[PDB]
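Okay, structure first, notes after.
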Amino acid sequence: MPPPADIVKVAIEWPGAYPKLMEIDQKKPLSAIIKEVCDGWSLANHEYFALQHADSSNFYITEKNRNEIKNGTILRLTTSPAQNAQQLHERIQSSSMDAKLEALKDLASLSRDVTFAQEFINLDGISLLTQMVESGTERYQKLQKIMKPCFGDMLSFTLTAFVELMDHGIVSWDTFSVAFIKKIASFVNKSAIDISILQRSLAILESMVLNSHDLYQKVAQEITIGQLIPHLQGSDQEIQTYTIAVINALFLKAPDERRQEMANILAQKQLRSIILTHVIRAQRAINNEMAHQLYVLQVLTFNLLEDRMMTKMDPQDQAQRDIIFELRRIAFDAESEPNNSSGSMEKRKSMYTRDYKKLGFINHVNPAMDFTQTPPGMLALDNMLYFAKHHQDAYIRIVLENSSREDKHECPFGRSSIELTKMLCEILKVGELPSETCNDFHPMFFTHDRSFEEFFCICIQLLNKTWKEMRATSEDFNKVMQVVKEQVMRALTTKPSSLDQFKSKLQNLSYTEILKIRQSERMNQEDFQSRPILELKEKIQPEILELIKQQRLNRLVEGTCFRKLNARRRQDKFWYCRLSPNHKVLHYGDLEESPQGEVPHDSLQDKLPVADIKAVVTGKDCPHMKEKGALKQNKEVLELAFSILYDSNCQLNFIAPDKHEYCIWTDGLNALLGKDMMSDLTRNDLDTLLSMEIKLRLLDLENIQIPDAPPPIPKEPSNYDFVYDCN
Amino acid sequence: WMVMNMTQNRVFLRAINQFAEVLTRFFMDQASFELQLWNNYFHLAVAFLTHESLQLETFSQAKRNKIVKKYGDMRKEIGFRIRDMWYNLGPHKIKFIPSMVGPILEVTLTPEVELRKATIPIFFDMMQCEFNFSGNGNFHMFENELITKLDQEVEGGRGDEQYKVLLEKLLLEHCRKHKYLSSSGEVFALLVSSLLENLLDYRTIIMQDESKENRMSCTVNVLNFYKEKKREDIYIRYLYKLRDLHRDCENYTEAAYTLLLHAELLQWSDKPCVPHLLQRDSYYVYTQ
Amino acid sequence: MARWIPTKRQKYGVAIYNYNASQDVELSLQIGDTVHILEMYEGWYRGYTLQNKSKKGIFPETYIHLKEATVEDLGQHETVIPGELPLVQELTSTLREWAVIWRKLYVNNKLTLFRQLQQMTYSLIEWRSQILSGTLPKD
């Protein structure tokens, strides 16, 4: 039974006055709330007060967004919107410049509400603004040279207000006049405008292009390719995004013939080269808007190819016959004599059949039957034209290679090209509306105006090389498709810079080395610190440390040659301290010089109670090193100090040869007390043991992602009824 | 080439199986002549049986998994063939005794359970056959060397205790399957099991730290069993071991006691008819 | 824990991390805890863990990565390239043997042989990760 929520706490602030507390119920209509507020505060004229949110939004209470009210939130009382609109209208024609400035600033800041915008427009605000703009053309000219900054700022605020009003769509389409377009054009024509003014003008232009198509023609009448290029010279990324977006808007609702014309204009100006030398080489904060610009320019290039490739090439075209005749002449000038150029069509058909029986073509009477399917259609013809123009050596090599295929696995060029084009269209998502969230960008599209063709050429050359290496058969079409899709995805994810460098890096990439190194780095970071991975190894540590201590004890059992203290005057310096196979007693004492090692026998001091050993002091706490007479130890053996303290009056101080076995001995001594290890050798072994065990156990999750959040617990039946018998 | 070894053993199993089938085909009771070949037959069968066992493959479980996946255990069907051949052979077990006592021990002390469970009743069958043969007297002359070979097996390191419990359960079952001779059978088998746990303690303490009292109790128990069964060979060798250990602990009084035991169990006959009291370390006249 | 159906499309029971101790038979499961499950349920799977094949362990479907692959990876076309996943499974057996190898290699100090074995196993796991997915020509 939840407690009632009809009681809430909220403070209503005032400018310069401290708040007052009252309970407000949002279920009741706002009129009732206002009446109750007026009754509580004894305030008349209930229609002259309203409510607003004092948060960062600074918005009034609305019927659709009133749930943002939360207990313990600052809220201040404001004047009613009608009074605010009235005072703003009165101060529009006031005699104070500062009053106009602040009123316009407040109006622009508080123009994010729709219903109050409707209320303000109901007072013929739009008509008044239009009249003051039309009559203000020559009014501000006298004081323009005096207060250009403030006037420009107010103009920018007014433009923002108009933009948001258009976004809400309150203003009718027919209400737009040519005066606004003329004013924007005049602002653009001015050579003393700021970058912000230019950005606002270009935003207005792109919005107008989005509005209609005739206005787009009107603005294109005053668009030159030589003025938007100086805009690219500015290193600012935002202005580049705006200019590219307007350029795309030029390609949205224009005839395809004019699309080709302006594409040719861009090519003759070589826009992509200056784009590469300006925005591609920039290492600043690349915008997601810039990524959208790259994607939409890629789509524009795709459409400029499609509007010429979407059509079907008629097989009955004699001009097409002549074009393919010249193409096959410049391609197959090894098997076909040069004299057939002036020959008859019978030799043409003979060459057709003899050169298509080796290229996997079935029909030899109508060779142009395979040209009625788009994509690509005539695009492959342009590709082979380019191959003959630039790659004539490779063209002749391929021509003499495909016909020389003696493995009975000749690849049909047309079918492979069609399949690759279909795969590229599928992966690149050609024919779909632009996404509102995805911001993928490929910097290789601006290297050339024909960058898609160059990418296709690189892809087909790589595929030909890979197929030559593999010598594939007819049973791995799925393998070919999946491998080409994966390699294209991997190439695009690398974000290449130059076509030659991209092609070199295609072969330079190893066999999934990046994935392996990323997995290793992630595993190392998780082992250092992680929530869902690190706890796995430390959770299970009962056996590794136990076996480490067992190994240390075995090292104690086998034993070695020990050293005594102050062996100077006919005193032995080598002896043994061997642990019993029961791991309970120590055999040690004064022994002779045994080069072989330990001598298995009973020593002088055969008993060493391990159940009464307090601890083993390490370092300078050894009593034997504190000698003040003649038995002082050397300073170089400070790292070899360890004494098994017992009986509180006698000490068994042993001397180690060097550091590693001293650490082994102290590890054994600490394991005898059932404590942690204190050895550099052990920590070296400790890390590799756990790492090796985890490396062994991670095999089951190979090729499978490991979720980080704990998986849920689905419900189970309460009964233990076994449909299938156990065991 | 352990795979070569196992294929060789598989074909050896095939060869032994076809030998058994041809023996059953033409060497039944009517072929009562030249029956000595069965001794070498079963000697070869046991020698083949006594390798590639559980402890051989026990190093890693994967080896056991793969071998049971591809071939399965072979010693099991080896024991099955041995037991069915013994069942179908006939009443001629009397001649087998001095030869069959030894080899059956290895399959007797097998680490597994199921095959030994199926093989145990061969002991009841041979005991009843031995009684049928030796009703004109006693039948100790099997248990004597049975104990000898059991001692040798445990000294080889193949003793077990839950196996002793299983042995006792099975022999109680077989005695309940039998008549008044069940009492003698079960008391002798209780002696056998007590001696077996004696040697189990001896072997499980000879590897641990020396204590020198539990081993002494176990050894005096084996001496009691041997003097109870009128057997001296294992008795004299074990008192020799006692005397060596007592020399190690400079205890002359118990050494004198054991020497008196040897003297009182040694007759005044001056002809060394039984050569077991001699020592095989050297070779000379060794006159008594 | 009712409605359990025999199935053979779950021989590769993939864990995630140390499973919760809500179930007594279940402990902090390791990464490579393959469960040879013989019973099927919509959201839970109880089968024999590789660590203890004689002990059942109930594992949620969300904790189990769906692996229809059996020991034979050619019947269900699981192999990325035919005749290669038998190599990966025998390599898994080899690594499960490497487990006891390193478990025994510390009882007796074989430092030179141990170090060279470490290098060999490092190269082995590198190559196993490289050939986790078959995408190279037959040579």
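Just so we're on the same page: first chain in the structure tokens is A, next is B, and so on; residues restart at 1 for each chain, and ligands are numbered from 1 in the order they show up.
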
Find the residues of chain B that sit at most 10 Å from chain C; for each, write down the nearest two atoms and how far apart they are in Å, to one decimal. Count only C-alpha atoms. Sort by chain, then by number going up, and give it as CSV.
residue,atom,partner,partner_atom,distance
B:59,CA,C:100,CA,9.2
B:60,CA,C:100,CA,7.7
B:61,CA,C:97,CA,9.4
B:62,CA,C:97,CA,7.8
B:63,CA,C:97,CA,9.9

File dump, residues just selected, C-alpha atoms, as a CSV table (one decimal), in the first residue's frame:
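Saved as selection10.csv:
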chain,number,residue,atom,x,y,z
B,59,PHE,CA,48.5,-40.7,-15.7
B,60,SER,CA,45.8,-38.6,-17.6
B,61,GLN,CA,42.1,-39.3,-17.8
B,62,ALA,CA,42.1,-38.4,-21.5
B,63,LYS,CA,44.0,-41.6,-22.3

- Task: Report as a ChimeraX atom specification: the residues of range 8-184 of chain A with a DSSP assignment of alpha helix (DSSP H), based on the backbone of this structure.
- Result: /A:30-41,81-92,97-109,114-121,125-135,141-168,178-184

- Excluding range 231-242 of chain A and residues on its chain fewer than 5 positions from it, collect all residues at most 8 Å away from it, counting only C-alpha atoms, and give them as a list in words. residues 195, 199, 202, 203, 275, 278, 279, 286, 287, 289, 290 and 293 of chain A

Saved selection, atoms kept: N, CA, C and O atoms, as a short mmCIF file (atom, residue, chain, number, x, y, z; two decimals), in the first residue's frame:
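After the write, out_10.cif holds the following:
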data_model
loop_
_atom_site.label_atom_id
_atom_site.label_comp_id
_atom_site.auth_asym_id
_atom_site.auth_seq_id
_atom_site.Cartn_x
_atom_site.Cartn_y
_atom_site.Cartn_z
N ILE A 195 31.90 35.86 -40.34
CA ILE A 195 31.72 34.45 -40.67
C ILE A 195 30.37 33.97 -40.16
O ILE A 195 29.70 33.16 -40.80
N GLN A 199 27.48 32.24 -42.19
CA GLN A 199 26.89 30.96 -41.81
C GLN A 199 25.37 31.06 -41.76
O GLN A 199 24.65 30.18 -42.24
N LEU A 202 23.99 31.25 -45.33
CA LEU A 202 24.01 29.95 -46.00
C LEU A 202 22.95 29.01 -45.42
O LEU A 202 22.34 28.22 -46.15
N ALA A 203 22.71 29.10 -44.11
CA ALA A 203 21.62 28.33 -43.51
C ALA A 203 20.27 28.76 -44.06
O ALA A 203 19.40 27.93 -44.34
N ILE A 275 39.44 20.25 -51.75
CA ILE A 275 38.80 19.67 -50.58
C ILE A 275 39.79 18.77 -49.84
O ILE A 275 39.90 18.82 -48.61
N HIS A 278 42.39 20.77 -48.08
CA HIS A 278 41.89 21.63 -47.02
C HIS A 278 41.26 20.89 -45.84
O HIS A 278 41.68 21.10 -44.70
N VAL A 279 40.27 20.02 -46.08
CA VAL A 279 39.53 19.43 -44.97
C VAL A 279 40.05 18.03 -44.65
O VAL A 279 39.99 17.59 -43.50
N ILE A 286 36.91 16.64 -36.09
CA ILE A 286 36.01 16.41 -37.21
C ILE A 286 34.58 16.26 -36.69
O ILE A 286 34.33 15.52 -35.73
N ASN A 287 33.65 16.98 -37.31
CA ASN A 287 32.27 16.98 -36.84
C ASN A 287 31.52 15.75 -37.35
O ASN A 287 31.82 15.21 -38.42
N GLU A 289 28.50 16.21 -38.19
CA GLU A 289 27.88 16.87 -39.34
C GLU A 289 28.77 16.76 -40.57
O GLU A 289 28.28 16.55 -41.68
N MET A 290 30.09 16.88 -40.39
CA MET A 290 31.01 16.69 -41.51
C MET A 290 30.96 15.25 -42.02
O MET A 290 31.09 15.01 -43.22
N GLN A 293 28.10 15.09 -44.14
CA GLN A 293 28.44 15.73 -45.41
C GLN A 293 29.18 14.77 -46.33
O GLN A 293 28.89 14.69 -47.53
#

- Which polymer residues have any atom within 10 Å of an atom of residue 705 in chain A, counting only C-alpha atoms, with same-chain residues fewer than 4 positions away left out, as an MDAnalysis selection string? (chainID A and resid 701) or (chainID C and resid 16 65)

- Counting only C-alpha atoms, the option among C:35, C:58, C:117, C:107 closest to chain A: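 Smallest distance to chain A is found for C:107.
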